[PDB]
Every structure is written in C-alpha cells, then in structure tokens.
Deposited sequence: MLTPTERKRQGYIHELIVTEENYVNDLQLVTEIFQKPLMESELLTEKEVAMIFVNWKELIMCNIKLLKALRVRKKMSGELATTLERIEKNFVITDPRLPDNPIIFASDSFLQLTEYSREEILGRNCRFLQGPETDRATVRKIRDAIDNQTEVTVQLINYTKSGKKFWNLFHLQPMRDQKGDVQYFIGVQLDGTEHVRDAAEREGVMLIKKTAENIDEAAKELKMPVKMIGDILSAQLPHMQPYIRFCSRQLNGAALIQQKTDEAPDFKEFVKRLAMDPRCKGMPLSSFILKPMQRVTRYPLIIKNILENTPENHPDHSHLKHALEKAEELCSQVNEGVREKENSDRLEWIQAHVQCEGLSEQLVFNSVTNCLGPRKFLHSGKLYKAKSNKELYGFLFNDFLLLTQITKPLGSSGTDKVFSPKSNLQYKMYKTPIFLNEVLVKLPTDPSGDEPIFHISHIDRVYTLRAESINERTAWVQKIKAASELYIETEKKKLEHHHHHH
C-alpha cells in the first residue's frame, strides 16, 4: 500500500489505542481515588468536589466516544485484559508510522527495562541497544523488518540504568486478510548468558508461541479502518464538560498540595491509593493533568489522519468538520483557563445560589447556548418597583439571574435562593424613563438599582450582551 494510505491507518489506530489508555486512566481515578476519598471521611463533600469537579462527566463523554470507536472497529473491551494476561516481555510497533513507534509495552517489559510507559510509547526500540551490542545482529533485524518477515536472534540490550542482559529476541509481522503488515510483534527473553543447543531451542519455542498469542489478542486491532471521521464529528461537539474541568484544574491541584502540607493523615492515605499497580507509581496530582493533555492531543491526531486522506475519499469531509470541532473545543478550553477570575465567580455562584425546580440542573461555569463559555458581567441589589422587594441579581452574557438573599470572598458564606426563571437576553429590550426598565415580551419588569451609577451599569451591560446575542443568533 501507498505510504499515504499506510500512515492513514496508523493514525486512525493512534486515535483508538490512545483513547483506550486515556479512558482507562479516567476510570482508574474514579475507582481507586475518588470513591475511596469520599468514604474515607478525611475531607468534606465540598473539598472533594473542588478537585475532581465534573470528572464523572468527563468519563461519560469519552466512554460514549470509545464505544462508538469500538463498534466501528468491531472491538470489545477485552484487548487490555487479554494482553495483560500474557505475562511475557513484549512490545507492539507500528511500521505504518514514521520510525516504527511503540504503541504498547507489556508490564514485564517495562519492569525489565526499568523504563516507564510515558518514556516508551511513540519511540523506536533502539534505546535498548548499547556499546557491547553486535551491530551485525541489529542489521539482521532491520532486514527482516524491511522484507516484512519474522526473525529470531540474540543480542545484548541495556536497561535504563545501563544493566546488561542477553536478549533472545523474536520479531513477527501482523498481517490482515489481504496480507498487509499492520503491526510488528517483538518478544524478548531476558537472560544472563548466550543460550545454545537445548537452551536456545526451548527459548525460541516459548517466544514464538508468545507472539502467536499476541496476534490472537490483537486480532480485533489489526483489521483496517474505512471511516473514522463521522464518529469524531458527532462526538466532539459533546466534549463540553472539558471546559469546566480545565478551568478549575488549577485550583483543584492547589487544593491537593495545600491539604497535604497541613494534614499528615491525608498525605499517607493518598499514597496508599497510588500503590495500585495500575497507577504505575504516579501520584494523583499527575492524573489531573491528563484531561488538559487529551483535548490538545485531538487536533494533532485528527490532522494527521486528515493529511493522509485524499479529497475523493468519503471520510475526508467528516475529518474536516472533526478538525474544526476539535479546534473549537480546544479554543473554548484555553479561554476558560485564561479567564481565571471569571471562573472563580461562576463556581462561587454555583455553590451559594440554590437553583431548583428546573428541567435541567443549572451549571454556571459551563457553555452557553450560542455565545460559548459563560461570562459573569454584573451583580448587585435590585428593587422591583411597586413591590420594593429585596432581590439580588446576577448578570451573565447569556441571561440574567434574579435571586433573593436569605460578595465574591471565599471565606464569607451567605445563601442565595433563586427567585424566578432565568431571563435570557435573546428576548429583552432596555430603555430609560436609579430606576431602569427592561422589556420582556411576556412580562414587564421595572427594577430600581442602588444608585444612578448602578442603573447605568445595568442598562449598558444588559443591552451590550443582548445585541451580541441577537446578532449571533442571526448568523444561522
């Protein structure tokens, strides 16, 4: 096959495999960090929500994505578990991708070579080679690769610390029905001495049977993919919860670091949850960075698929939209991260303003219907005319929230109760007769601000955000 179509399948499966690892990481934090901390009674229900935030919703998004990928790929969840049951040193590489990168490494392999998964994936296997390695043996391996055939040799490899060990290595291509090589299987039998006669004859049989089991394990993965963009184009516009999480990931990380230094009983309980072999010895504070990494990873991946997809291909159109949505999703994420002050205010409103009786729960620190990331504009006391009722209003870029006190200082806590249904600014007009008039089509509202300088701040900000909303709605 042409290198273009070859690279195309390589990047399509780069999307699928990395998503598998990612979704797996999300479920880990919920399993061995979230649920334990909630039932540990070490922290309050409020402190826990500051860290994970909407972590649960992040899983619901990607699981919906991963499932769609698996059905198209005719896969099942078994791949990770099936591969883990093979307790041998092995890696899988992708010859379709430049420099033949590693896409998977067994637990035995990682511990043998003293490297971590983050150091390994995406790189060529030549880091094992050293000074006392027979370069003639290496060339035989390269030839077997270029000729797309299996091979079995012995050579000296090095760990991360530089420890020497003999490597009874076996290479084996992974072919589909059409015989096209999709992956390469590399099994390593570590030893102290060069094996001969019976010692060699036994080791060869094991590492070869090991390779066959991997081919069976990766049987669902090896098949080629026709289309993948239509799935990404339908799932990416539903990656909204990332905007909230990534805007609060900084405060969530600062909470962990602070609570650790002021509570020794908390520090030990966290590390006893990072013990789990699925954590690979990385702390909880390192998992929090992953959602921000994944959303910035998507545009890089999709573009690689798009660049290796011709114009006449039916998947080219969907990949265009997918790239657009991925970049739009990524942009709104970076906007929320930068506007830190706006993020603190929206989350403050979330906790102190009780909004109930709605068809859907109100999340202030989220995306609007049309304008994107919600932005707080103005707040203050508002007195309704002819009633003079003490009300407290919150003005946003998309709607106005009226409440009643039962301002943004974290220590100061006071309760706000929702007064009426959120008045959206896509259907309101504002004129002047500290009294100002807003014109809703259905009902009439006449409010009186604290002062003259206040009502001018209301009228201006409401009108400006309204006109921006109206003209945005007129686009389509």
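For this chain, the deposited residues without C-alpha positions form the stretches 1, 408 to 417, 445 to 451, 495 to 502, given in sequence order.
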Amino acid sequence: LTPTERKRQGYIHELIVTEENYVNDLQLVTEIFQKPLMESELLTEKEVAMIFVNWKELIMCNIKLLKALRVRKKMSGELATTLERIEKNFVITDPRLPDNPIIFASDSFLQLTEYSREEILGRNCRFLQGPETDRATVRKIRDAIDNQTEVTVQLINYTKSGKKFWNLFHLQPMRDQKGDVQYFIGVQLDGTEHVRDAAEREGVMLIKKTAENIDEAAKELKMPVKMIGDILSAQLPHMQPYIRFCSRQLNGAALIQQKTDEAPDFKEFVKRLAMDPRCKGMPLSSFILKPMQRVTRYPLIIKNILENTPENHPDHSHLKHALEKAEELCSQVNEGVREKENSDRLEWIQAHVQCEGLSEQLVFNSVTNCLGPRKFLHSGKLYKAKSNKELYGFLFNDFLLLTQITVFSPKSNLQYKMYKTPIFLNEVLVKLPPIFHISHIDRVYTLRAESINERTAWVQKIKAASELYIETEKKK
From here on, numbers count along this sequence of modelled residues.
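Legend: mean Cα B-factor per stretch from the PDB entry, 77 to 85 versus 257 to 265; the higher mean is in 257 to 265.
According to the PDB record, 353 to 361 carries the higher mean C-alpha B-factor of the two stretches 239 to 247 and 353 to 361. Looking at 342, 124, 369, 188, the one whose CA carries the top B-factor in the deposited record is 369.
Per the deposited coordinates, the residue with the largest Cα temperature factor out of 230, 197, 347, 143 is 197. Among the modelled residues of the chain, residue 135 sits in the middle third by CA temperature factor in this PDB entry.
In the deposited entry, the Cα temperature factor of residue 193 sits in the top third of values across the chain's modelled residues.
Ranked by C-alpha B-factor against the other modelled residues of its chain, residue 280 falls in the highest third.
In the PDB entry, a CA B factor belonging to the lowest third of its chain's modelled residues is recorded for residue 8. When the modelled residues of the chain are ordered by their C-alpha B factor, residue 95 lands in the lowest third.
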